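Nothing in this text is a laboratory measurement; each read-out follows from the coordinates by a stated rule. Every residue, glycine as well, gets a Cβ built from its backbone with ideal geometry; the counts of neighbours run over all protein chains shown.
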Amino acid sequence: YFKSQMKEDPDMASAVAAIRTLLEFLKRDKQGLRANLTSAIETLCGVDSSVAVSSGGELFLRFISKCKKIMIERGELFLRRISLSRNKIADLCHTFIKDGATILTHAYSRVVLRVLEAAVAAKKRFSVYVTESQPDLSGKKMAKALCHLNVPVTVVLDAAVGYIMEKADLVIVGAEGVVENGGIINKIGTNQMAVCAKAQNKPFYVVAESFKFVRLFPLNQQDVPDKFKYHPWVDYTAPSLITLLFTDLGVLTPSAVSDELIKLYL
Amino acid sequence: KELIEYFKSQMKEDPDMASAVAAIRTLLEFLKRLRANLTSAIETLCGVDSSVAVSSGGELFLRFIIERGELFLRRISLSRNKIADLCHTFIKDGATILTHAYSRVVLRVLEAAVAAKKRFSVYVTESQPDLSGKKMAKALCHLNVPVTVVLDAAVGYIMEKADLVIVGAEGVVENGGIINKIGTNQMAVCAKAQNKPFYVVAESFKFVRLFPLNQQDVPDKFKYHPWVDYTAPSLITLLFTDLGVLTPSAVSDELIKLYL
Amino acid sequence: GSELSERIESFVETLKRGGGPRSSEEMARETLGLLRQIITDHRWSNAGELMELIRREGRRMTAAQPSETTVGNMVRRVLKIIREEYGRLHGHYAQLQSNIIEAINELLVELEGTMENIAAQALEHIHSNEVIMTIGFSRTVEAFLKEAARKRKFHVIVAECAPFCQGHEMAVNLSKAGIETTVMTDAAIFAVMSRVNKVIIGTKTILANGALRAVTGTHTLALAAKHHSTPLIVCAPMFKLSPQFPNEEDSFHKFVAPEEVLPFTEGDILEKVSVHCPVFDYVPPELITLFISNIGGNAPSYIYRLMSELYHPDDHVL
């Protein structure tokens with residue numbers, strides 16, 4: 001389709017790429033537009049299998065609730081809100097890091113990197129531990145990106161997750177999707193690390209935006225859709241293993257995100 | 001040194017043995033041609049091969065010890081068969097086995113189970129630092145067993161699909177814990193969090209005079225990206241050794257009786 | 001004129017240099033009175049400058065003593081009332097002051113009624129021949145126990161705080177009404193476990209995630225209750241709801257002079273010994289069972305819902 005040629009900017013994610021692709025292709029019409037938008041969303045997720053992309057596409061198409069003048073104006077403002085959501089999340093989350101603390105991360109995440117950069121701009125000293133992310137090497141690239149921030153970093157293997165757990169002070173990771181009950185959907189090496197953190201009583205923090213809220217209610221690891229897992233690339237984390245969630249709608253408890261999901265009408 | 005040639009030759013000749021077994025062979029083969037030199041040989045063997053099994057075997061040989069040297073390896077040759085016979089009973093038909101690394105003892109246990117006319121599935125961890133789960137899977141596939149290989153990061157995803165966990169151990173400590181591959185502690189924690197049995201299979205010459213309290217108490221000469229870790233005895237359900245089936249709380253008395 | 005400013009600096013000084021009213025209800029009442037007087041005798045032609053002035057005064061009061069989250073709640077409630085009145089009228093500039101005064105008066109009446117509303121629900125959660133444990137001195141738990149003991153008979157164990165032995169006064173006050181109380185130190189808390197049927201305690205404030213800030217030694221009591229699976233019910237009015245989540249908060253506890261812990265007459269060893277005397281502590285929300293207030297018992301997971309009505313989200317930072 002066209003999402004591939006907007007991948008020229010590595011800073012932006014795949015879901016926002018699909019959102020802006022839909023916005024650009026919206027002004028090509030020559031009601032029945034709902035079917036066209038649904039087919040466009042389906043073609044968009046047919047290339048990349050991500051829950052975040054589908055949730056963002058649904059939330060974008062949700063603004064429906066010639067007469068096309070009103071419809072077009074919403075896309076640019078929506079994109080601006082997603083753009084400012086990252087800064088808002090970073091501002092809300094940078095206050096939870098103290099001097100000399102140890103931070104454990106799983107893989108590459110632009111939100112976590114922005115939060116860390118805000119914390120470093122707040123004149124704080126900390127160390128970061130990143131899992132090597134064996135399936136696709138992204139933890140080492142995250143460490144390389146953090147290297148020029150003058151932040152001490154160290155990459156560890158995904159096998160050595162419970163070995164350095166006692167040396168960490170808090171755990172913050174991103175999320176590819178927030179389910180209705182309160183859990184998160186992330187990389188494969190997330191649930192076991194959360195379990196280890198819970199066993200060691202270490203805090204578990206999740207940072208995600210408001211366009212990743214999906215309406216799913218899994219009960220185990222096999223309840224997630226098969227199209228999203230594809231060696232699986234995605235798992236499910238129980239809401240009881242998450243301490244706090246930092247979004248653009250404010251700090252929310254795992255038991256409080258359900259009300260936000262319902263009010264979002266997604 | 002003056003014995004590294006024999007050490008390397010012994011490692012190259014036969015693949016069935018272990019590092020501790022090779023050290024024992026070198027020791028009693030150099031015995032014919034004494035405490036100080038034997039201790040120096042044990043120390044240099046441990047320095048060349050950083051593993052607690054080699055040190056445990058050398059210390060046990062030094063305590064036990066020419067006519068008395070044959071008994072040790074003659075016993076440990078059939079100790080593996082005894083352990084396999086003791087452990088193969090605990091496997092039921094249709095069960096799922098979750099292994100982490102490549103070890104010959106658990107391979108013998110699984111082959112005895114399959115020779116006892118039993119059907120089961122085996123899950124192995126790829127062992128990212130040195131790829132050994134793939135080697136174990138390739139060595140076990142020609143036993144007519146449906147074995148699949150999973151990632152190191154997928155341990156917590158396949159926990160609900162496993163009935164029991166069987167792993168090896170490179171060394172047993174006083175409190176009843178084990179010193180296994182670096183990815184063993186997380187697997188034990190996940191199994192405990194889901195009420196999954198955790199069975200440890202090891203021999204008797206892997207006993208050390210160590211009482212670790214956390215991951216920092218392991219000596220640096222043994223971990224060397226660490227290679228091994230420490231597992232709490234509370235996360236172990238049962239232990240299968242040549243001295244019979246042992247509870248985690250009963251390992252200390254056996255270690256005391258064995259005189260380390 | 002100058003009288004309002006003089007009362008403002010007097011309140012700020014009496015908040016900063018030391019403690020104020022003994023009871024939190026009186027503190028909230030006088031804070032509301034100060035806010036009403038500030039609103040009354042001031043020159044403001046629009047709502048925006050009034051809200052800015054109220055926010056500045058609230059910030060000054062918070063900076064005077066951040067350990068107590070009582071004045072800030074009143075400032076946030078007043079700001080929410082101002083916003084509600086502005087939205088009702090504009091959605092004006094003539095009858096705003098009278099509506100504000102009426103809202104303040106009804107809020108004061110409700111605050112006065114919270115005590116009776118909380119005390120009225122004593123018989124439901126307390127039965128005869130029960131063991132109840134309290135730590136420190138609290139005016140709400142005392143009223144709860146005294147109202148529940150006028151129709152039934154049970155046993156109460158009171159443990160005093162080591163630095164400030166305020167539990168002795170609570171035990172004496174209870175025993176003056178025939179409750180058969182017991183006095184013991186904080187060391188024998190785990191030992192007294194396995195025989196207590198219910199735990200009723202108070203708190204200084206309630207955080208956003210359902211957590212609360214109480215006197216020292218409450219964390220050990222909560223841990224023991226969780227270990228022995230005993231229920232833990234906390235009685236606190238609606239003005240103790242803090243809209244701030246638990247941050248790093250290196251100054252969360254109030255640190256006082258080490259005289260209470262170690263006497264000054266120890267000798268020359270005081271020059272190389274570090275003594276710390278924290279007052280408050282942090283209790284995780286997972287160790288709490290029920291939250292009793294003036295509108296009825298609620299789960300710890302209803303804290304955010306209860307807070308959302310009370311305070312506007314933009315006033316969380318004040």
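Between region C:15-35 and region C:112-189, how many Å separate their Cα centres? Centre-to-centre (Cα) distance: 25 Å. Counting beta carbons within 10 Å around each of C:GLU13, B:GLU67, C:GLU286 and listing the fewest first gives the order B:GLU67, C:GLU13, C:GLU286.
Across peptide C:295-305, the mean count of Cβ atoms from other chains lying within 10 Å of each residue's own Cβ comes to 2.
Using a 10 Å cut-off on Cβ to Cβ distances, tally the other chain neighbours for every residue of A:253-263 and report the average as a whole number. All intermediate terms of the calculation are to be shown ahead of the outcome.
Values: counts 9, 2, 8, 8, 0, 0, 3, 0, 0, 0, 0.
Per residue, the average neighbour count from other chains is 3.
Among DSSP bridges having both ends in chain B, what percentage is antiparallel? Round to the nearest 5. Just about 25 percent of them are antiparallel.
Treat every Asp and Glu Cβ in region A:124-170 as -1 and every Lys and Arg Cβ as +1, leave all other atoms uncharged, and give the resulting dipole magnitude about the Cα centre to the nearest 20 debye. Write down the numbers at each step before the final one.
Details: 6 positive and 5 negative charges, 60 e Å.
Computed charge dipole of region A:124-170: roughly 280 debye.
3J(HN,Hα) along region B:153-166: 7, 9, 5, x, 8, 9, 5, 6, 9, 10, 7, 8, 10, 10 Hz, from the Karplus curve 6.51 cos²θ - 1.76 cosθ + 1.60 with θ = phi - 60°, whole Hz, x for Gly and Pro.
For A:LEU170, nonlocal amide neighbours, meaning residues 5 or more places apart or on other chains whose placed amide H falls under 5 Å from its own, are A:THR102, A:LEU104. Scaling against 2.2 N^0.38 Å puts the C-alpha radius of gyration of region C:157-312 at 1.17. Derived value for region C:29-130: Kirkwood hydrodynamic radius 15.5 Å. Basis is the mean of 1/r over every pair of different alpha-carbon atoms. Rounded to the nearest 5, the antiparallel percentage of DSSP beta bridges internal to chain C is 30%. The value for chain C of Rg(Cα) / (2.2 N^0.38 Å) is 1.09.
Counting other beta carbons within 10 Å of each Cβ, put A:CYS196, C:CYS165 in order, fewest first.
Details: A:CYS196 26, C:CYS165 14.
Ranking A:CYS196, C:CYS165 by Cβ neighbours within 10 Å, fewest first, gives C:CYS165, A:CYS196.
Once the C-beta distance of A:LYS88 and A:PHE2 is scaled by a Förster radius of 25 Å, the resulting FRET efficiency is 0.30 to the nearest 0.05. Using every pair of distinct Cα positions in region A:4-109, the Kirkwood expression returns a hydrodynamic radius of 16.0 angstrom.
Could you calculate, for region A:198-250, the ratio of the Cα radius of gyration to the Kirkwood radius, expressed as Rg to Rh? Each step should come with its number before you reach the end.
Working: Rg = 13.0 Å, Rh = 13.1 Å.
Using Cα coordinates only, the ratio equals 0.99.
Each of A:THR102, B:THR96, C:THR205, C:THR140 was scored by other Cβ atoms within 10 Å of its Cβ. Listed from fewest to most, they are B:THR96, A:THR102, C:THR205, C:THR140. Spin-label model, B:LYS118/B:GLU67: points 7 Å from Cα along the beta carbon direction are separated by 4.3 nm. Where Rh is the Kirkwood radius over the Cα pairs of chain A, the temperature 10 °C and the viscosity 1.306 mPa s, what D in µm²/s does Stokes-Einstein return? Calculated translational D: 82 µm²/s. Computed over every Cα-Cα pair of region B:123-199 and binned at 5 Å starting from 0, the pair-distance distribution P(r) comes out as 3, 14, 24, 25, 20, 11, 3, 0 percent. Taking label points 7 Å from Cα along the Cα-to-Cβ direction, A:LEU137 and C:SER175 give a separation of 7.4 nm. Summarising the amide proton neighbourhood of C:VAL215: residues at separation of 5 or more, or on other chains, whose placed amide H is nearer than 5 Å comprise C:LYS204. With a threshold of 26 Å on the Cα-Cα distance, the over-threshold entries among A:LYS167/A:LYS187; A:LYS167/C:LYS240; B:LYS12/B:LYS118; A:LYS202/A:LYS227; A:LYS69/C:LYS80; B:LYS92/B:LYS223 are A:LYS167/C:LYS240; B:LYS12/B:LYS118; A:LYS202/A:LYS227; A:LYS69/C:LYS80; B:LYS92/B:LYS223.
Per residue of A:221-228, count partner chain C-beta atoms within 10 Å of its C-beta, then hand back the mean as an integer.
Values: counts 7, 3, 0, 0, 0, 0, 0, 0.
Partner-chain Cβ atoms within 10 Å, mean over residues of A:221-228: 1.
To the nearest µm²/s, what D does Stokes-Einstein give for region B:65-183 at 25 °C and 0.890 mPa s, using the Kirkwood radius over alpha carbon pairs as Rh?
On the way: Rh = 15.5 Å.
The estimated diffusion coefficient comes to 158 µm²/s.
Taking Cα centre as origin and charging only the Cβ of basic (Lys, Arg, +1) and acidic (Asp, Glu, -1) residues, the dipole magnitude of chain C rounds to 740 debye.
For the protein assembly as shown, give the share of DSSP beta bridges that are antiparallel, in percent and rounded to the nearest 5; count only bridges with both residues there.
Of all bridge pairs located within the protein assembly as shown, approximately 25 percent are antiparallel.
Spatial offset of region C:225-243 relative to region B:121-188 amounts to 44 Å, using the alpha carbon center of each. Under 5 Å between amide hydrogens, built in the peptide plane, is the criterion, and for B:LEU164 it picks out B:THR96, B:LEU98 among residues at least 5 positions away or on other chains.
Derived value for region C:79-188: Kirkwood hydrodynamic radius 16.9 Å. Basis is the mean of 1/r over every pair of different alpha-carbon atoms. Taking region C:24-64 and a reference point 7 angstrom along Cα→Cβ of C:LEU4, the backbone N atoms nearer than 12 Å belong to C:34-45, C:50-51, C:53-54. Modelled spin-label separation between C:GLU124 and B:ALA95, with each label point placed 7 Å from Cα along the Cα-to-Cβ direction: 5.2 nm. For a straight C-alpha distance cut-off of 13 angstrom, the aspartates and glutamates reachable from A:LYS229 (same-chain residues fewer than eight places away being disregarded) are A:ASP48, A:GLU176. Since only C:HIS168, A:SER127, B:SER127 are under comparison, the one whose Cα sits farthest along the positive direction of the charge dipole of the protein assembly as shown, derived from C-beta charges on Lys, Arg, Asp and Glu, is B:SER127.
Compute the FRET efficiency between C:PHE264 and C:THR185 as 1/(1 + (r/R0)^6), taking r as their Cβ-Cβ distance and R0 = 25 Å, and round to the nearest 0.05. Could the numbers behind the result be given before it?
Details: r = 23 Å, r/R0 = 0.93.
Taking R0 as 25 Å, the efficiency between C:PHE264 and C:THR185 is 0.60.
Applying the Karplus relation 6.51 cos²θ - 1.76 cosθ + 1.60 with θ = phi - 60° to region A:256-261 yields 3J(HN,Hα) values of 9, 6, 5, 5, 5, 5 Hz, where x marks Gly and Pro. In terms of the mean number of neighbouring beta-carbon atoms within 10 Å, the peptides B:11-17, B:176-182, A:204-210, B:36-42 order highest first as B:176-182, A:204-210, B:36-42, B:11-17.
Taking the Cα centre of chain A as reference, the dipole from Cβ charges on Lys and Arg (+1) and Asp and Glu (-1) amounts to some 760 debye.
Using DSSP to define loop residues, name the trypsin sites (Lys or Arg not before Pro) in region C:152-218 whose beta-carbon has at most 14 other beta-carbon atoms within 10 Å. Mind dumping the intermediate values first?
Details: sites: C:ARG152, C:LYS153, C:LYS176, C:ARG195, C:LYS198, C:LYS204, C:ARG213; in loops: C:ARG152, C:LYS153, C:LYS176, C:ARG195, C:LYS204.
When the trypsin sites (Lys or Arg not before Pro) of region C:152-218 are filtered for loop state and at most 14 Cβ neighbours within 10 Å, C:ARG152, C:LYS153, C:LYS176, C:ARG195 remain.
Taking θ as phi - 60° and the Karplus parameters 6.51, -1.76 and 1.60, the scalar couplings of region C:267-278 work out to x, 7, 6, 6, 7, 9, 10, 9, 10, 10, 10, x Hz in sequence order, x denoting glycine and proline. Over the C-alpha atoms of the protein assembly as shown, the Rg to Rh ratio, Rh being the Kirkwood estimate, stands at 1.04.
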